[PDB]
Amino acid sequence: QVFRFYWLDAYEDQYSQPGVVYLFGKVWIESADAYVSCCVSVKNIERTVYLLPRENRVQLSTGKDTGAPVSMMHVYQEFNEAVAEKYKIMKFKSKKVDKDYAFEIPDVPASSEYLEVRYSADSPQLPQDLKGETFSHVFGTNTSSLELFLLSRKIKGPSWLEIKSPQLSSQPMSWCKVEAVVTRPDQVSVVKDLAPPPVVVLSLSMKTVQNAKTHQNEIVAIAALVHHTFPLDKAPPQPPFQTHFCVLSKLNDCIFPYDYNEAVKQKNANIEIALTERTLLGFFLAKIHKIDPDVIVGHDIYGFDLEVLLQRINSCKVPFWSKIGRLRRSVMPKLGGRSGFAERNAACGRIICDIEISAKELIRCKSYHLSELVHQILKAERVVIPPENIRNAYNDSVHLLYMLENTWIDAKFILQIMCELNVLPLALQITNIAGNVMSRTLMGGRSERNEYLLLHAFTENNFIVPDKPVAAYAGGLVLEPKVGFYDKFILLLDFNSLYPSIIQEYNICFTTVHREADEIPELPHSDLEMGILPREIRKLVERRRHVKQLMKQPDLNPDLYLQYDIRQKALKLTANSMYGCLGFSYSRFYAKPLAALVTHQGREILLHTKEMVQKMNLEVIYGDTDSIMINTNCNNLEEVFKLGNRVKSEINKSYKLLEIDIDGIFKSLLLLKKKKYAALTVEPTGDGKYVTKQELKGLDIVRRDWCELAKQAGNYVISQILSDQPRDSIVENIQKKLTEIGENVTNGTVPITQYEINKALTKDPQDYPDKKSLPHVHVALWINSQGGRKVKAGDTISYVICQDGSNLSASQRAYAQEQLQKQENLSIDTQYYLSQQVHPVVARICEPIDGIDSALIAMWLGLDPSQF
DNA sequence: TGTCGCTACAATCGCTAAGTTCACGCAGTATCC
Ligand SMILES: Nc1nc2c(ncn2[C@H]2C[C@H](O)[C@@H](COP(=O)(O)OP(=O)(O)OP(=O)(O)O)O2)c(=O)[nH]1
Ligand SMILES: [Mg+2]
């Protein structure tokens, strides 16, 4: 009678169907000897409200205090007489429950007795501020059905579920293969210790041509790759894709090449040629229904792909739109709005993976557009078709097939990127840790993950969580650097998980720090037991430590090493976001006093460590909120390691959980400012042999907002300055290289790509006020003016500042590289680069350097020293 | 419709206020009527 399946996604409609949640997942059907998508509708999820009784009865209007003690019987009688009649509640089940509370609502005791009352989700929802003569507060009034279900059944991310006494649906309600109806939450249970089942992953790339007549993006091809046995707990398979299907349509007025049909037939691929976008969309929807993928992956899927698909479906009136998801509906949610919420609702039941968002979360790159990711991750070169060539493709079979194969290659690259970063396993792990839904986790962001983690933690410990909500404080202390150049051995000491460790050691929790509704609250007493937040953060820290230890294994595959590093960084960021959400104004658990206490303890710890190290007769030259840089004044590495171990042990002796570890040994350092230095990191190889690795932190050479020419010049200068050559030779080489770069720029021998400068966008180009015209924004608008895919918020834009004879400021002459290559009145402003891109960076680098100054750099670059 | 925290640096733009130059008065000498 039981029903075991692996649930992946959950969907709830607060307005359409009250008290109903649909769970989508995989179920093993023995006859087919494979998993089939199944949907389970958990109905009758009653809403629970906790009422806080008063100590004594109070008159409602007079605001008096009669003095009659208020018991649970009196509370129930009042709710049955006044409130039940007032708000038209017919049936409700009432019981007395002893629950805890420690959050930001005044006059609520830590532990007290409440009258839990439930009733159907069809009944009206009580107001959040409801009060009465016998009760002073009502909680959980705005509790969503999904949250109630997840917290009641203790479901934490994807996992196997067992359903008792399943029912059959009267009529089909989902596009899946198996359906089942659960009459109550209590009939659903969780079964642990079972491997996740392989899922279907569909990677799709589409090419569109915009109609300037209506500024509508019309789809002309969809190249899609599918793998039916993609694992969620193992390494990506090779080859990453099993089979594929291609669909290619024509425009409204253009026609196919002469012998397109014969060439397509000879190609032997699964090419299905749809005459019109309507037939193409119908075929795509039928294919999606047949495959029924569980994880649809793409690039800009949430921003461009799904939005265009749904808009064209609506325009062409493709009958069964709801097949894009897994539920059966008739009315499409209104498009637009912020975020991909419309897209997510449209694709309900399918986990949408946007490798753009995932790449932004996982790695750091100068640009996040597909070509840059392909070059950086896969180390391949991507051929880009200009939109004019896409329009002109309808003139020969060869070019049309080239366009289709380019779409196919883009889809393959998207799948390869998804597999390389290991996005799906990491999403599963983080979802299990947090306990939210996987689609939200893959949508990005840290607030929901930590919020659901703390929801699960507090709920399981008999606590009433706060109702969902419908530089504030000081931070870390940065030591004043001893700016200069150091040629001896510098020993770096860095704390491990400093803020998690502070939370653990000092027992900082909602139930331990007695706040008061900007003074740092008192530390908790050492008598109290460990709180919920220390326990959760300790679990996170232990998981990260386990991953790091697993990384230390010798002879590891470099790809597996990078995957482990990414996972460790993700866990570190998860813990740091758990800390940060305490100081998030819109968070469910906004506890600014707790964050202030944590930061104050961090500052105190750093100050104490600095004082201890200085009291040890050692030199301290830098430190950023958890770290210290020490000038050993030694040239032997063994003594450096010995002293480092001694000082690390001495510092660790004063703490119970906080530990200090030797971060690295720098043979040479260039301390310029706060958060700006370059060093030759030393990694010992053995038998007294060590390898020197360069390391730049915060310099302009490691920033995407500078031209690659300036970055190259600064890198060469830093390499020379950090070398062991005599100073005179270093200065001579710097002069020679600067003269060479000046000659190259003056003679136009530099490659054009070295002039690009990248600046990201915060809002849409339209939403930027008319604050003159910020360079990138300027170019951004041009890109939107031109006939190409628009540029939205959070998109990098590479522009080249060029001469136009305008006698205007540089910031108002920013242009795209294609603009320069096209227009005959635009030329690269050589003087601008030589004076404001190369000179500033090298001058900043060489500030503490003897023999080099701004005037000398200008002279070597061929500029006029006068102004400098 | 959501949206982790804070600290630091750097370029750009607007504002604006001190600093500067250029021009108006007085005194003297001189030339030229
Ligand atoms: N909220 C938040 N806090 C951060 C972030 N990055 C760093 N911090 C805080 C918490 C860290 O413990 C502290 C020191 O930074 P670290 O990069 O050395 O990380 P941490 O010491 O926690 O761990 P680790 O040294 O990598 O083992 O600064 C962040 O992105 N968000
Ligand atoms: Mg650290």
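Structural remarks
- Taking only the Cα atoms of the stretch A:463-617, the radius of gyration and Dmax are 18.6, 59 Å.
- Treating each Cα of the stretch A:538-690 as an identical point scatterer and summing with the Debye formula, the log10 of I(q)/I(0) at q = 0.13, 0.14, 0.18 Å⁻¹ comes to -0.84, -0.98, -1.40.
- When peptides A:834-843, A:180-189, A:242-251 are sorted by average Cβ neighbour count within 10 Å, with the highest value leading, the order is A:834-843, A:242-251, A:180-189.
- In the structure shown, the pairs A:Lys26/A:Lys792; A:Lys379/A:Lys711; A:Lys177/A:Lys265 are assessed against 25 Å; a Cα-Cα span above that value is assigned to A:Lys26/A:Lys792; A:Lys177/A:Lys265.
- The stretch A:594-655 and the stretch A:718-765: distance between their alpha carbon centers, rounded to Å: 36
- Compared with the rule-of-thumb size 2.2 N^0.38 Å for a compact globular protein, the stretch A:73-205 has a Cα radius of gyration ratio of 1.42.
- Under 15 Å between alpha carbons - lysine pairs in the stretch A:594-671 that sit 8 or more apart or on different chains: 4
- Cleavage-rule hits (GluC sites (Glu not before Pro)) in the stretch A:316-407: DSSP loop, at most 12 neighbouring Cβ within 10 angstrom: A:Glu381
- Centre separation in Å (Cα based) which lies between the stretch A:773-802 and the stretch A:281-349: 28
- For the stretch A:553-611, the alpha carbon convex hull comes to 114 Å³ per residue, rounded to a whole number.
- Charge dipole of chain A about the Cα centre (unit charges at C-beta), most positive-ward option of A:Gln735, A:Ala843, A:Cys707: A:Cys707
- Shape box of the stretch A:699-785 [Cα atoms, principal axes, largest first, Å]: 55, 28, 19
- Shape annotation for the stretch A:208-247: C-alpha extents along the principal axes are 49, 19, 13 Å, from largest to smallest.
- Ranked by how many other beta carbons lie within 10 Å on average, peptides A:115-127, A:409-421 from highest: A:409-421, A:115-127
- Cross-link partners of A:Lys96 among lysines (Cα-Cα below 29 Å; sequence separation of 8 or more within a chain): A:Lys43, A:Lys64, A:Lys86, A:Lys88, A:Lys131, A:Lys154, A:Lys156, A:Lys164, A:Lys468
- Overall shape: oblate for chain A, with the ratio a/c of the largest to smallest alpha carbon gyration tensor axis at 1.5 or above and b/c at least equal to a/b.
- In this rough spin-label picture, where each label sits 7 Å from Cα along the Cβ direction, the A:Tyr258-A:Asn635 distance is 8.0 nm.
- The stretch A:402-541 shape via C-alpha gyration tensor axes, a/c threshold 1.5: oblate
- Ordering of A:719-727, A:390-398 by packing is A:390-398, A:719-727, highest average first (other Cβ atoms within 10 Å, averaged per residue).
- Rg/Rh, computed from the Cα trace of the stretch A:1-99 with Rh as the Kirkwood radius, has the value 1.24.
- Taking a ≥ b ≥ c as the square roots of the eigenvalues of the Cα gyration tensor, an a/c ratio of 1.5 or more together with a/b larger than b/c marks the stretch A:515-573 as prolate.
- Cα point-scatterer Debye curve for the stretch A:332-451, base-10 log of I(q)/I(0) at q = 0.17 Å⁻¹: -0.99
- Per-residue [θ]222 nm for chain A (sum of -39500 (n - 2.57) over DSSP H runs n ≥ 4, rounded to 500): -10500 deg cm²/dmol
- Relative to one another, the C-alpha centroids of the stretch A:424-479 and the stretch A:573-593 are positioned 9 Å apart.
- Taking only alpha carbon atoms, the stretch A:177-220 gives an Rg to Rh ratio of 1.35, where Rh is the Kirkwood radius.
All of the numbers you see were taken from the coordinates with simple rules; none came from a lab. Cβ coordinates were reconstructed from backbone atoms using ideal geometry, including for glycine residues, and neighbour counts include every protein chain displayed.
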